[PDB]
Amino acid sequence: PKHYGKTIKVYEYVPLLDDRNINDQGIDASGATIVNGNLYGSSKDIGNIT
Amino acid sequence: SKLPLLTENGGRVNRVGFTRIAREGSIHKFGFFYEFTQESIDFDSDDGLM
């Protein structure tokens, strides 16, 4: 539209289970703080997921 | 010393003259302008710029 310059910007919302979902909100199942807040992210390993 | 004294004999004495002046004025031309592009009004944030 008119009167908004020449550039267009849009947001992309990453899924919860994604390796590029990097945040510090993670609290694990035992209540301890963890460095990742995306659970297992894009992992496909049964051991890591479990 | 310059009074119009008149004797009993009359004659050609105390003749005066008149004069007139001309005043004058004239008109002059003025003006100014500004320029703009289509993008300067189409992409500008303010649609009331003009």
# chains A, B, ... in the order shown; residues from 1 in each chain; ligands from 1
$ interface_residues --of "chain B" --to "chain A" --cutoff "12 Å" --atoms "only C-alpha atoms" --output "PyMOL selection string"
chain B and resi 38-49
$ residues_around --residues "region 33-49 of chain A" --least-positions-apart "3" --cutoff "12 Å" --atoms "only C-alpha atoms" --output "ChimeraX atom specification"
/A:14-30
$ write_last_selection --atoms "N, CA and C atoms" --output "PDB file, in the first residue's frame"
ATOM      1  N   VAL A  14       8.452 -19.956  14.677  1.00  0.00           N
ATOM      2  CA  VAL A  14       9.094 -21.274  14.654  1.00  0.00           C
ATOM      3  C   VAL A  14       8.268 -22.251  15.481  1.00  0.00           C
ATOM      4  N   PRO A  15       8.204 -23.532  15.113  1.00  0.00           N
ATOM      5  CA  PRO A  15       7.508 -24.503  15.962  1.00  0.00           C
ATOM      6  C   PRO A  15       8.256 -24.743  17.267  1.00  0.00           C
ATOM      7  N   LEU A  16       7.512 -25.223  18.265  1.00  0.00           N
ATOM      8  CA  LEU A  16       8.110 -25.517  19.563  1.00  0.00           C
ATOM      9  C   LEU A  16       9.249 -26.521  19.427  1.00  0.00           C
ATOM     10  N   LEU A  17       9.014 -27.612  18.699  1.00  0.00           N
ATOM     11  CA  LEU A  17      10.013 -28.670  18.536  1.00  0.00           C
ATOM     12  C   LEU A  17      10.850 -28.393  17.286  1.00  0.00           C
ATOM     13  N   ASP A  18      11.774 -27.448  17.435  1.00  0.00           N
ATOM     14  CA  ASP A  18      12.656 -27.041  16.351  1.00  0.00           C
ATOM     15  C   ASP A  18      14.015 -26.664  16.921  1.00  0.00           C
ATOM     16  N   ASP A  19      15.079 -27.084  16.233  1.00  0.00           N
ATOM     17  CA  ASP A  19      16.430 -26.795  16.700  1.00  0.00           C
ATOM     18  C   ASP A  19      16.729 -25.303  16.725  1.00  0.00           C
ATOM     19  N   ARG A  20      16.082 -24.513  15.871  1.00  0.00           N
ATOM     20  CA  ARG A  20      16.294 -23.073  15.857  1.00  0.00           C
ATOM     21  C   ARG A  20      15.360 -22.333  16.804  1.00  0.00           C
ATOM     22  N   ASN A  21      14.572 -23.053  17.604  1.00  0.00           N
ATOM     23  CA  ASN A  21      13.825 -22.453  18.710  1.00  0.00           C
ATOM     24  C   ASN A  21      14.754 -22.394  19.918  1.00  0.00           C
ATOM     25  N   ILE A  22      15.515 -21.305  19.990  1.00  0.00           N
ATOM     26  CA  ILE A  22      16.525 -21.108  21.022  1.00  0.00           C
ATOM     27  C   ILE A  22      15.986 -20.097  22.023  1.00  0.00           C
ATOM     28  N   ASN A  23      15.821 -20.529  23.269  1.00  0.00           N
ATOM     29  CA  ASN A  23      15.275 -19.670  24.308  1.00  0.00           C
ATOM     30  C   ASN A  23      15.722 -20.196  25.662  1.00  0.00           C
ATOM     31  N   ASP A  24      15.531 -19.367  26.685  1.00  0.00           N
ATOM     32  CA  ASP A  24      15.950 -19.682  28.043  1.00  0.00           C
ATOM     33  C   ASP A  24      14.776 -19.992  28.964  1.00  0.00           C
ATOM     34  N   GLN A  25      13.627 -20.373  28.410  1.00  0.00           N
ATOM     35  CA  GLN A  25      12.445 -20.659  29.212  1.00  0.00           C
ATOM     36  C   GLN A  25      12.409 -22.089  29.735  1.00  0.00           C
ATOM     37  N   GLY A  26      13.389 -22.917  29.386  1.00  0.00           N
ATOM     38  CA  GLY A  26      13.337 -24.334  29.688  1.00  0.00           C
ATOM     39  C   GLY A  26      13.414 -24.704  31.155  1.00  0.00           C
ATOM     40  N   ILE A  27      12.409 -25.436  31.627  1.00  0.00           N
ATOM     41  CA  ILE A  27      12.438 -26.109  32.920  1.00  0.00           C
ATOM     42  C   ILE A  27      12.074 -27.566  32.677  1.00  0.00           C
ATOM     43  N   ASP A  28      12.900 -28.478  33.183  1.00  0.00           N
ATOM     44  CA  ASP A  28      12.776 -29.882  32.821  1.00  0.00           C
ATOM     45  C   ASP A  28      11.639 -30.545  33.599  1.00  0.00           C
ATOM     46  N   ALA A  29      11.522 -31.864  33.427  1.00  0.00           N
ATOM     47  CA  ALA A  29      10.427 -32.601  34.050  1.00  0.00           C
ATOM     48  C   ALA A  29      10.592 -32.687  35.559  1.00  0.00           C
ATOM     49  N   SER A  30      11.822 -32.568  36.057  1.00  0.00           N
ATOM     50  CA  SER A  30      12.067 -32.600  37.491  1.00  0.00           C
ATOM     51  C   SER A  30      12.054 -31.215  38.123  1.00  0.00           C
TER      52      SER A  30
END
$ atom_distance --atom1 "CA of residue 4 (chain B)" --atom2 "CA of residue 17 (chain B)"
13.6 Å
$ atom_distance --atom1 "CA of residue 13 (chain B)" --atom2 "CA of residue 1 (chain B)"
14.5 Å
$ select_by_dssp --residues "chain B" --states "helix (DSSP H, G or I)" --output "PyMOL selection string"
chain B and resi 39-42
